[PDB]
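Participant: I need the structure of the sequence given here:
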Amino acid sequence: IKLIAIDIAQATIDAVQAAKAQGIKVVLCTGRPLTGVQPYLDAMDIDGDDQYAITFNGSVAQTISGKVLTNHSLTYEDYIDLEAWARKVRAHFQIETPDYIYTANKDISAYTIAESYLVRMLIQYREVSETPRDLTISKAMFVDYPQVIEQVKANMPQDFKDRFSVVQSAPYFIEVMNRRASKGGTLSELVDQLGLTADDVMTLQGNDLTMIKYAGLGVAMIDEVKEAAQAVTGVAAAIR
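Facilitator: Numbering: from 1, shown residues only. There you are, the coordinates:
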C-alpha cells in the first residue's frame, strides 16, 4: 500500500508524517477548491509537484503545486443555462474555478463572501457577458438565504436534475457539477497517471461509495458505505 485517499488533530498529523516519511502518497479529498485544504496540507508537510489532492468532489485532481491533472467540468453552455435560470428564479449564483469564484451578482450574497473567506479563494466579479469562455468550471452553485434556496429546490427544472449532479450541500447552498464526477472515479485517473493500481490504494461519509469500491483496501469511518468497505474504524487508527 503506497497511496492513501482521505475524505473530510496532532495524532492525525503525526500518523500522516509517518506514512509520508515511509514514502506514501497521501491524497486529500475534499468538496472545496485546493485553497480550502491548503492549511492542512501546510501542517502535514505535503506539497510540491509530486503530492496530490482531488478537489471539488473529484471534478478536479491536481498537484499540490497547482497543475490540474484531470478535470470534469460544466460546459460554457451549461453555465449559460444555469445562470439564466438563476435570474429567472431570483437567486444569487456563483461558479467556482480552480483559481477564482465568479459571480455576476452586483449585490453580492452574504454567503458568497462567507465562502470566499472560509475557503480562502478570491472573487472575480464579471457581468455574464464577461465570464471568460475558457474557464475550467468545476462547480456551480445557487447561493442564498434558505427561503430562496428552498424555492430553488422546489423549482429545479427536471432538465437540470438529469443533465447534472444537483445536491443541497447546505441550507444556503445548492451545488451543481458534472453528472459523472466522483472522488472515486477521479482517483482512478490520478492512480493510472502515477503508474499505480487500485490494489495499492487505501481510501477513507456518503459520496465516497465510488472511493471505497475502487480501492483494493477501502475503509469506512454512514451505513451503505460500511457495506462496500473492506474495513472500519480514527484516521491515524486506520493508517497504523
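Participant: drop to CA atoms for contacts and neighbour counts, all remaining ones
Facilitator: Will do.
Participant: show me the contacts for residue 127.
Facilitator: With contacts defined as Cα atoms under 8 Å, 6 or more residues apart in numbering, residue 127 is in contact with 103-105.
Participant: Excluding chain neighbours, what is closest to the most centrally placed residue in the chain?
Facilitator: Among the residues of the chain, residue 56 comes closest to the average C-alpha position under Cα atoms, centre = their mean, at 1.9 Å. Nearest residue to residue 56, sequence neighbours excluded (Cα to Cα, 6 or more residues apart in numbering): residue 31, at 4.4 Å.
Participant: A strand includes residue 62, no?
Facilitator: Yes: assigned with DSSP: H, G, I helix; E, B strand; the rest coil, residue 62 falls within a strand.
Participant: coming back round to it: can you add neighbour count and give the contacts of residue 127 back as a markdown table?
Facilitator: Output for the contacts of residue 127, formatted as a markdown table (neighbours: other Cα atoms under 10 Å):
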| residue | neighbour count |
| --- | --- |
| 103 | 24 |
| 104 | 19 |
| 105 | 17 |
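Participant: sorry, back to before: next, count neighbours for the residue nearest to residue 56.
Facilitator: Residues near residue 31, counting by other Cα atoms under 10 Å, number 18.
Participant: State the phi and psi torsions of it.
Facilitator: Backbone torsions for residue 31, taken as degrees, to the nearest 10, come to phi -80, psi -20.
Participant: can you tell me how far it sits from residue 131?
Facilitator: Here the criterion is Cα to Cα, to the nearest Å. By it, residue 31 lies 23 Å from residue 131.
Participant: Same check on residue 121?
Facilitator: Taking Cα to Cα, one finds residue 121 at 17 Å from residue 131.
Participant: So between the two, which is more surrounded?
Facilitator: For residue 121 versus residue 131, neighbours defined as other Cα under 10 Å are more numerous around residue 121 (21 against 17).
Participant: Can you give the contact residues for the host helix or strand of residue 174?
Facilitator: In this assignment (DSSP states H and E), residue 174 forms part of strand 173-178. For strand 173-178, contacts defined as Cα under 8 Å, 6+ apart pick out 59, 72-74, 138-144, 149, 164-169.
Participant: Let's see which of those residues end up in strands.
Facilitator: Within these, residues falling in strands by DSSP state E are 139-143, 164-167.
Participant: which pair in those residues spans the largest distance?
Facilitator: Of all pairs drawn from the ones in strands among the contacts of strand 173-178, the one with the longest distance (Cα to Cα) is 143 and 164, at 17.1 Å.
Participant: Tell me which of the two has more neighbours.
Facilitator: Legend: neighbour count by other Cα under 10 Å for residue 143 and residue 164, higher for residue 143 (27 against 17).
Participant: just checking, residue 102 touches residue 92?
Facilitator: No: applying Cα atoms under 8 Å, one finds residue 102 not in contact with residue 92, separated by 11.5 Å.
Participant: and these two? which has more neighbours close in?
Facilitator: Ranked by neighbour count (other Cα under 10 Å), residue 102 and residue 92 place residue 92 first, with 26 against 23.
Participant: tell me which residues in the helix or strand encompassing residue 237 are buried?
Facilitator: In this assignment (DSSP H and E), residue 237 forms part of helix 235-239. Under the neighbour-count criterion of 16 or more other Cα atoms under 10 Å, helix 235-239 has 235-236, 238 buried.
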